[PDB]
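# Examination of the molecular architecture
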Amino acid sequence: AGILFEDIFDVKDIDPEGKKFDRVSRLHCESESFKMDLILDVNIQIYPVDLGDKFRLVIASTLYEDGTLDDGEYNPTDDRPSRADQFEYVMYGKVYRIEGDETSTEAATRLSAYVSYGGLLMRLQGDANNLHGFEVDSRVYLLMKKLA
Amino acid sequence: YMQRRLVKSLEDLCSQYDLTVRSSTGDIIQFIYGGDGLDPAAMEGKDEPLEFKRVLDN
Amino acid sequence: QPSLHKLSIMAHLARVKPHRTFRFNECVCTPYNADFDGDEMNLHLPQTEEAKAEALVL
Amino acid sequence: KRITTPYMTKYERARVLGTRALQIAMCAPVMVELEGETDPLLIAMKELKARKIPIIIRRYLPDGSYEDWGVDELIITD
Amino acid sequence: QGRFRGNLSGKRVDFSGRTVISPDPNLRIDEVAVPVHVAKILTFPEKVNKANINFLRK
Amino acid sequence: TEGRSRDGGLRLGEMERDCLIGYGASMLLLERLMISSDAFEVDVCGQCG
Amino acid sequence: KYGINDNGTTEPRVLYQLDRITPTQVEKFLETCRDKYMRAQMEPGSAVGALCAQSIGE
Ligand SMILES: [Mg+2]
């Protein structure tokens, strides 16, 4: 298990500043088991997200559950059991800015992790104990599945 | 016409190897070119030779 | 032809092509202030190896 | 000692490549092993990159004193 | 049209051309496409030496 | 000569000379405004001038 | 603000990513600043009066 982070999220607001784009919507989520909030861009043409939906988000450093960290190039054509088979929406981007919050003047532990999926951003913000294993310039697979 | 006058007045000036700017006869105009001795064609910042924050992020 | 700043004259590496117009890349339209509306641009071929080298470097 | 700048300026680079390409356009001996390059300016630039041009730059300070710099001991750059 | 303003300040040169320009992005930014009917007239005197005798024979 | 109908050739004006001064191309400016316009060898006496 | 000891032993090691600067980056930073400052000086011989005239008349 090379999972960095795995939690259940709930959508609080679909489009905060109006529908700026046709295919991409700027989700604003929040979790249950931790006090995480989640800004996310998803492709709503291939995968529609409604207002009160509730999905399980996973961020893993690899797609193979035996722990094989070898990734020279992704092959879409090859078929083998992977981690993506349990999920409905898999992106892939790079962490590029770990940044501490400035809203508190002393004794705070909220960290932000900006992950950019080819331009589709994601702010994963929460307590610093959850985000262990995030580094700058590490390449993560986001995985995502709506729940009933 | 303004540019022709400025060219005929300024064209003799050259930057010597001891970093002074002397006229045609050899009187000193400036002891160092512009105070610092730096080229305006190589300014990465707002009229300053570097912008340190961008270089450190690089 | 109306040569305002010093980038109204630069040196390109020529390549020969069949049709009857000087054809340069459009990213170089900002130095010449060219506009492709029947504008003409002069050509100068230097005749000496020192002139080639000074044109190519400077 | 020599007090001037150790970088080859762009004017020194232009004229050293000019005079060297002019000498290679006449029948001077080429110091590097050329590989079918014909235009003598390319041969002069290949001599400059490999530091073999037999030119000494004499830089004149405006009072009259001068300084001799070999081309092989300047710090060339882009 | 006297000697000074007509002939000393700026004098006419040969080995030159003048054509209408038209865009072409497929070239690099340091290339210009000279037509064939100009490049047959404009010439460069290349001295014969050891490196290019077989090129100049052709 | 002057125009196109005389097969005349272009003009290094008073402004392109300035632009060639601005690059510091000394030998190119020499070649343009002397060698490819009108070259001529005189012999000047050094004593009487 | 985050309570990070400088010994390098605090347990959420992501906290060392916040304002991370290493001695290798300090060496490369200072060499890059010195190289840009040395290449940014006015090279001697530059016709700097003509550059003044054109950069004002343009
Ligand atoms: Mg026009």
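See above for the structure.
In this report, we go over the structure that sits alongside the text.

### Section: the overall build of chain G
When helices and strands are counted, chain G shows 2 helices and 0 strands. In terms of C-alpha radius of gyration, chain G reaches 23 Å, well past the compact-globule figure of 10 Å for 58 residues. Counting only C-alpha atoms and orienting by the principal axes, one finds that chain G spans roughly 65 × 25 × 15 Å. Put simply, chain G has 58 residues, and 33% of those count as buried.

### Quick look at the overall build of chain E
The helix and strand tally for chain E stands at 3 helices and 2 strands. Tracing chain E from N to C terminus, the helices and strands come up as α-β-β-α-α. Its C-alpha atoms give chain E a radius of gyration of 18 Å, clearly above 10 Å, the size a compact globule of 58 residues would have. In chain E, buried positions account for 31% of the 58 residues. As displayed, chain E offers around 4200 Å² of accessible surface, 55% of which is attributable to carbon and sulfur atoms. Separation between the mean location of the 11 positive side-chain charges and that of the 5 negative ones in chain E comes to 12 Å.

### Some details on the arrangement of the chains
Out of 14 pairs of chains that touch, the pair holding the most contacts is chains C and E. In this view chain A stays clear of chain C, with the nearest C-alpha atoms of the two still 27 Å from each other. Nothing in chain E touches chain G, and the closest approach of their C-alpha atoms is 17 Å.

### Observations regarding the nonpolar core
The tendency in soluble globular proteins is for nonpolar side chains to be buried as a group. One finds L40 and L124 of chain A to be the most contacted residues of the largest nonpolar core, which totals 36 residues. Those residues within four positions of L40 of chain A in sequence are excluded, and the remaining contacts are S25, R26, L27, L57, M91, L121, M122, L142 and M144 of chain A.

### Side note on the interface of chain C and chain E
Each side of the interface is counted separately: chain C has 33 residues, and chain E has 30 residues. For the chain C face of the interface with chain E, the top three residues by lost area are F22, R23 and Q47 of chain C, together amounting to 21%. If you look at where chain C meets chain E, you find 3 salt bridges. Across the pair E40 of chain C and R18 of chain E runs a salt bridge, and its minimum N-O distance is 2.4 Å. Looking at the side of chain C that touches chain E residue by residue, the class counts come to 14 nonpolar, 10 polar and 9 charged. Bridging between strand β3 (residues 40-44) of chain C and strand β1 (residues 16-20) of chain E involves 5 bridges; their strand directions are antiparallel. The residue of β1 of chain E that forms the bridge with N42 of chain C is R18 of chain E.

### Concerning the coordination of the magnesium ion
Looking at the metal site, the magnesium ion is ligated by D35 of chain C (OD), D35 of chain C (OD) and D37 of chain C (OD), spaced 1.9 to 2.6 Å from it. By relative accessible area, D35 of chain C is classed as partly exposed at 40%.

### Re the pattern of salt bridges
For the structure shown, the criterion picks out 29 salt bridges over all chains. One salt bridge connects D18 of chain B with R22 of chain B, and the closest N-O pair in it is separated by 3.6 Å. According to the relative accessible area criterion, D18 of chain B is partly exposed, its value standing at 31%. Among the charged side chains, a network of salt bridges with common partners joins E11 of chain B together with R17 and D18 of chain F.

### Remarks on a nonpolar patch on the surface
Taken together, the side chains of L56 of chain B together with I21, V26 and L30 of chain G define a hydrophobic patch exposed on the protein surface, amounting to about 330 Å² of accessible area. Given the relative accessible area of 40%, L56 of chain B is considered partly exposed.

### Things to note about the sheet that holds strand β1 (residues 13-17) of chain C
The 3 strands are arranged β1(C)-β2(E)-β2(C) in an open sheet whose pairing can be described as mixed. On the outer flanks of this sheet lie β1 and β2 (23-24) of chain C, each paired with one strand and no other. The pairing of β2 of chain C with strand β2 (residues 31-35) of chain E spans 2 bridges and is classified as antiparallel. The residue bridging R23 of chain C from the neighbouring strand is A33 of chain E, located in β2 of chain E.

### Comments concerning the pairing of strand β2 (residues 24-31) of chain A
All names here are of chain A. The alternating pattern of β2 places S25, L27, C29 and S31 on a buried face and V24, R26, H28 and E30 on a face that is not buried. Here strand β1 (residues 3-13) pairs with β2 via 4 bridges, running antiparallel. Along β2, the bridge assignment pairs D10 with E30. Relative to strand β3 (residues 37-43), β2 runs antiparallel, the two being bridged by 7 bridges.

### Observations concerning the state of the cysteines
Overall, the coordinates contain 0 disulfides over all chains when judged by the stated rule. Left without a disulfide partner, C27 of chain C is nearest to the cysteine sulfur of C29 of chain C, which lies 8.0 Å away.

### Observations regarding the sheet that holds strand β3 (residues 28-30) of chain B
Residue and element names in this part refer to chain B. Strand order in the open sheet formed by 3 strands is β1-β2-β3, with antiparallel pairing between adjacent strands. Each edge of the open sheet carries a strand with a single partner, namely β1 (14-15) and β3. Here β1 runs beside strand β2 (residues 21-22); their pairing, made up of 2 bridges, is antiparallel. Opposite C14, over in β2, you have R22 as the bridge partner.

About the cut-offs
- Residues numbered from 1 in each chain as written, not as in the entry; some residues may be left out.
- Chains lettered and ligands numbered in written order.
- Part of a larger assembly, values for the part shown.
- Heavy atoms only, no water.
- Helix = DSSP H or I, 4+ residues; strand = E, 2+ residues; numbered from the N terminus.
- Rg over C-alpha atoms; globule rule 2.2 N^0.38 Å.
- Buried < 20%, exposed > 50% of the residue type's maximum accessible area, 1.4 Å probe, protein only.
- Areas by Shrake-Rupley, 256 points an atom, 1.4 Å probe, with all protein chains shown as cover.
- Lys, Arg positive; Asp, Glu negative; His and termini not counted.
- Charge placed at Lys NZ, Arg CZ, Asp CG, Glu CD.
- Contact = heavy atoms within 4.5 Å.
- Core = buried A, V, L, I, M, F, W, Y, C linked by side-chain atoms within 4.5 Å.
- Buried area = accessible area lost by both parts, 1.4 Å probe.
- Salt bridge = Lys/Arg side-chain N within 4 Å of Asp/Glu carboxyl O.
- Nonpolar A, V, L, I, M, F, W, Y, C, P; charged D, E, K, R; others polar.
- Pairing = 2+ DSSP bridges.
- Donors = N, O, S within 2.8 Å, 3.2 Å for Na, K, Ca; no water.
- Patch = residues over 30% accessible without salt bridge, like charges linked within 9 Å, V, L, I, M, F, W, Y side chains within 5 Å.
- Disulfide = S-S within 2.5 Å.

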